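The block underneath contains the structure these notes are about, expressed in structure tokens.
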Amino acid sequence: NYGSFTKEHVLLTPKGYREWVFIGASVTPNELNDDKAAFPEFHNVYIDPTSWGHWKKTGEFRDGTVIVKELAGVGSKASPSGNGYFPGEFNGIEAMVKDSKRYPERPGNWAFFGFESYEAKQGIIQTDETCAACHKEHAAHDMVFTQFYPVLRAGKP
Amino acid sequence: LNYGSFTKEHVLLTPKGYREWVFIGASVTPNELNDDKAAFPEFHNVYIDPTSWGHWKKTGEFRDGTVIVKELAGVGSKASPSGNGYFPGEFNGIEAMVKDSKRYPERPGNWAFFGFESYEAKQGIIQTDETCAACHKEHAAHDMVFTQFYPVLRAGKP
Ligand code: HEC
Ligand code: HEC
């Protein structure tokens with residue numbers, strides 16, 4: 001079980017998630033979003049190893065699934081490989097945890113967490129309006145935007 | 001504990017399970033920003049093997065036996081509920097590089113670079129130094145790897 005939680009079932013700030021299973025990266029640069037992306041700017045997304053094993057067998061997110069979206073800045077727009085976007089420095093993380101026992105009234109049993117900094121002890125749980133509304137509305141599978149996770153789409157049975 | 005499988009002629013066999021290796025960073029060179037034909041289209045998701053990641057945490061150096069896989073994917077869209085930008089589509093192919101001072105004593109940095117004809121190919125095709133190493137040698141921040149674009153590596157070294 002890769003998440004740890006407070007008494008009130010708040011996700012403690014994940015550690016070592018960069019050693020979890022990467023499932024996809026997207027980029028919303030500030031310069032293409034009126035100088036402020038909602039989630040600036042590169043997004044590197046990870047699912048915990050245990051939930052990955054379960055996804056390879058079921059194509060479903062189990063209770064205990066932790067997904068971390070790590071934000072990084074655009075570091076440059078041209079390299080020897082051509083023009084585009086290339087990452088810079090880390091900016092922070094978002095996370096979501098699915099758990100029908102801890103979050104029985106949350107849409108999809110998912111809890112969404114923001115993090116004040118990489119130094120924070122624990123996440124801040126989010127109201128449904130702030131995160132779950134957009135994800136339920138538009139994500140291809142169980143409030144996870146799998147249309148942007150080719151690792152997931154190719155790993156499911 | 002090495003992650004590269006090789007023929008007897010030291011040819012790297014097509015890496016399997018590298019999507020469970022340690023992701024070190026992602027970039028994108030969209031076709032539309034490169035004359036409709038990027039050199040490596042389009043998203044690049046880069047992995048380093050778990051043993052060499054463990055060694056990199058300790059030393060900030062690539063051990064003998066390092067395998068790095070660059071997985072290419074398409075731009076699947078440019079707009080999503082999160083904003084405008086680039087979002088990946090389907091998998092396009094892989095590039096790889098393997099460090100080995102005994103198998104590859106005459107290659108710059110002892111790196112062998114491999115292209116792969118498709119995801120079905122049994123093995124890679126080792127590349128001449130002109131085709132890959134020359135660019136990597138000449139611009140990569142560290143030991144022919146573009147660590148300026150791998151924040152995972154930079155933050156994970158001592
Ligand atoms: C990516 C995200 C992830 C990664 C898993 C996933 O479902 O994709 C997490 C854990 C997370 N966000 Fe989310 N989000 C949105 C989109 C389109 C993507 C994938 C493409 C990309 O990386 O840009 C996400 C969309 C939205 C959004 C639409 C207006 C809302 C308001 C949010 N997301 C809000 C939140 C959170 C509230 C602070 C939060 C903790 C999220 N998302 C977590
Ligand atoms: C990315 C790459 C990687 C990942 C490791 C790394 O050093 O970044 C591999 C294994 C690989 N390529 Fe290379 N390449 C270049 C640049 C700037 C980046 C990182 C930024 C990005 O992802 O876009 C690379 C540069 C170049 C280049 C400059 C003109 C050439 C000709 C090549 N690369 C050629 C090759 C290969 C020849 C077929 C090959 C097997 C590569 N790269 C592997």
Side-chain angles (χ1 to χ4, degrees), chain A residues 23-28 37-39 41-47 66-71 76 78-82 84-87 93-97 110-115 123-135 137-149 152, chain B residues 24-29 38-40 42-48 67-72 77 79-88 94-98 111-116 124-128 130-136 138-150 153:
Chain A
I23 58 175
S26 287
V27 61
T28 58
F39 300 98
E41 300 169 88
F42 271 100
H43 315 157
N44 303 330
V45 189
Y46 306 86
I47 187 172
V66 187
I67 291 165
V68 172
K69 173 170 280 171
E70 177 146 64
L71 314 183
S76 74
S79 84
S81 64
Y85 293 104
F86 308 85
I93 51 161
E94 325 288 334
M96 56 197 286
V97 180
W110 285 101
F112 287 83
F113 298 94
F115 296 84
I124 309 283
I125 202 176
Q126 303 289 315
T127 72
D128 306 343
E129 321 81 87
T130 313
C131 309
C134 173
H135 276 248
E137 181 59 54
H138 301 301
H141 182 86
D142 194 8
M143 301 164 63
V144 173
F145 283 94
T146 58
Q147 64 265 55
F148 309 131
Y149 302 123
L152 283 180
Chain B
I24 55 171
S27 290
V28 58
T29 51
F40 299 93
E42 293 176 88
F43 270 92
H44 312 155
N45 305 326
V46 189
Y47 305 88
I48 187 169
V67 189
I68 294 171
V69 174
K70 171 164 286 169
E71 183 150 55
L72 312 182
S77 56
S80 88
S82 65
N84 303 305
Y86 297 101
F87 307 87
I94 54 172
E95 324 285 332
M97 64 195 290
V98 181
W111 289 100
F113 291 78
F114 294 98
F116 297 81
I125 307 176
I126 191 159
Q127 300 292 307
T128 76
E130 172 179 23
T131 313
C132 321
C135 178
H136 276 244
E138 167 277 349
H139 285 128
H142 184 74
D143 191 16
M144 315 215 330
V145 178
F146 287 89
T147 61
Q148 57 269 60
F149 307 130
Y150 303 123
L153 284 184

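Atom set for the values below is all heavy atoms of this structure, side chains included, hydrogens, waters and symmetry mates excluded. Just follow the structure's listing: the first ligand is 1, and inside any ligand the first atom is 1. Chain letters run A, B, ... following the sequence lines, proteins first, then strands; residues in each count from 1.
- Taking each of A:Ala38, A:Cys134, A:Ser26, A:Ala132 in turn, the one with a heavy atom nearest to atom 27 (C) of ligand 1 proves to be A:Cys134.
- At least one donor-acceptor pair under 3.5 Å links the side chain of A:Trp110 to the backbone N or O of A:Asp142.
- Taking any N or O of A:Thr130, backbone or side chain, none lies under 3.5 Å from an N or O belonging to ligand 1.
- The closest heavy-atom contact to atom 4 (C) of ligand 1, among the options A:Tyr149, A:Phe42, A:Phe145, B:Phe87, comes from A:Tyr149.
- The shortest N or O to N or O distance between B:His44 and ligand 2 is under 3.5 Å.
- Listed for the A:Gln147 side chain is no donor-acceptor partner under 3.5 Å among the backbone atoms of B:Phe87.
- Close contacts between ligand 1 and B:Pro81 involve ligand atoms 17 (C), 28 (C), 29 (C) [criterion: under 4.0 Å to a heavy atom].
- If you number the atoms of ligand 2 from 1 as listed, the ones under 4.0 Å from a heavy atom of B:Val46 come out as 4 (C).
- Heavy-atom distances between A:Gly114 and ligand 1 stay at or above 4.0 Å for every pair.
- Residue contact check: B:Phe149 has heavy atoms under 4.0 Å from atoms 19 (C), 20 (C) of ligand 2.
- Of the protein's non-hydrogen atoms, B:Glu95 CB, 3.5 Å is the one closest to atom 43 (C) of ligand 2.
- Put simply, the side chain of A:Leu152 reaches to within 4.5 Å of the side chain of A:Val144, judged on heavy atoms.
- Side-chain contact check for B:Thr128 and B:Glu130: no donor-acceptor pair (N or O, by modelled atom type) lies under 3.5 Å.
- Below 3.5 Å of separation, one finds an N or O of A:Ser81 facing an N or O of ligand 2.
- Of the inter-residue distances, the one linking A:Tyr85 atom OH with A:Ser76 atom OG reads 11.0 Å to the nearest 0.5 angstrom.
- Ligand 1 has an N or O atom lying under 3.5 Å from an N or O atom of A:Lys69, backbone or side chain.
- For atom 39 (C) of ligand 2, the nearest non-hydrogen atom from the set A:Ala78, B:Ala140, B:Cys132 belongs to B:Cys132.
- In this structure, of B:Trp111, B:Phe116, B:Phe40, B:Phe114, the residue bringing a heavy atom nearest to atom 34 (C) of ligand 2 is B:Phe40.
- Within the structure, the closest approach of A:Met143 to ligand 1 falls below 4.0 Å when heavy atoms are considered.
- Using a 4.0 Å cut-off between heavy atoms, B:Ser80 contacts ligand 1 through its side chain alone, with no backbone atom that close.
- Under a 4.0 Å criterion applied to the non-hydrogen atoms of A:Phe112, ligand 1 contributes the atoms 39 (C), 40 (C), 41 (C), 43 (C).
- Atom OG1 of B:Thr131 and atom CD1 of B:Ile126 lie 11.0 Å apart (nearest 0.5 Å).
- Taking both residues in full, the closest heavy atoms of A:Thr28 and A:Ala37 are given as O-CB, 3.2 Å, listed atom of the first, atom of the second, then distance.
- Listed by atom number, the atoms of ligand 2 under 4.0 Å from B:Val145 heavy atoms are 6 (C), 7 (O).
- The aromatic rings of B:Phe40 and B:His44 sit perpendicular, their planes meeting at an angle over 60°, well past the 30° parallel limit.
- Taking the six-membered ring wherever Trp is involved, the centroid distance between the rings of A:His135 and A:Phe112 falls below 6.0 Å.
- The CG atom of A:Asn44 sits 11.0 Å away from atom CD1 of B:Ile24, with the distance rounded to the nearest 0.5 Å.
- The distance from atom 13 (Fe) of ligand 2 to the nearest N/O/S atom of B:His136 is under 2.8 Å.
- Here the CZ atom belonging to B:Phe114 is positioned 10.5 Å from the CD1 atom belonging to B:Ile125, to the nearest 0.5 angstrom.
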